[PDB]
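Every number in this text was worked out from the coordinates using simple rules, so none of it is lab data. In this analysis, Cβ positions are derived from the backbone assuming ideal geometry, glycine residues included, and neighbour counts consider all displayed protein chains.
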Amino acid sequence: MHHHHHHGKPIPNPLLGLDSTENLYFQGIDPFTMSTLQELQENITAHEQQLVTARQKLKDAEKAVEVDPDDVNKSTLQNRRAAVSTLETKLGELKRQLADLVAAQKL
């Protein structure tokens, strides 16, 4: 260099005590908890369309006791209506997986 300086510092002051910390922190994570949202909210929707269709399949089984009322086409109703019960059990448990999932898409 081609120049000079005259910098300096004063003497200390009687304030002795805690003067250092360990507050250093960092954060980052994969999106997998909401990749699971995108799968499970789609699982809700597909198991809901399979549930509207299970309603529609039970209406097609009512359409069967309409056309040929054997005790089976009425029991076959209770079977299609049993898929609606499968599907409905799922969607309560599924929409609750979401209420747990969704409450972690926050994090």
Consider just the alpha-carbon atoms of the range 4-61 and return their Rg together with their Dmax, both in angstrom.
-> 32.5, 98
Under a plain spin-label model, where a point goes 7 Å from the Cα along Cα-to-Cβ, how far apart in nm are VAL67 and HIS7?
-> 9.3
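Starting from the range 1-77, pick out the chymotrypsin sites (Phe, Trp or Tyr not before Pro) whose DSSP state is loop and whose Cβ has at most 12 other Cβ atoms within 10 Å. Intermediate values should be presented prior to the final figure.
Working: sites: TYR25, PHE26, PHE32; in loops: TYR25, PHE26.
Passing both the DSSP loop test and the Cβ count: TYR25, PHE26.
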What 222 nm value per residue comes from the helices of the chain, counting each DSSP H run with n ≥ 4 as -39,500 (n - 2.57) and dividing by all residues, nearest 500 deg cm²/dmol?
-> -24500 deg cm²/dmol
Once the Cα atoms of helix 32-67 and of the chain are each reduced to a long axis, what angle between those two axes, in degrees from 0 to 90 to the nearest 10, is obtained?
-> 10
Binned at 5 Å starting from 0, the alpha-carbon pair-distance distribution of the chain in whole percents comes out as 3, 9, 12, 9, 8, 7, 6, 6, 5, 4, 4, 4, 3, 3, 3, 3, 3, 2, 2, 2, 1, 0
Rounded to the nearest 10 degrees, the helix 71-105 long axis (Cα) sits at an angle to the longest Cα principal axis of the chain of 10
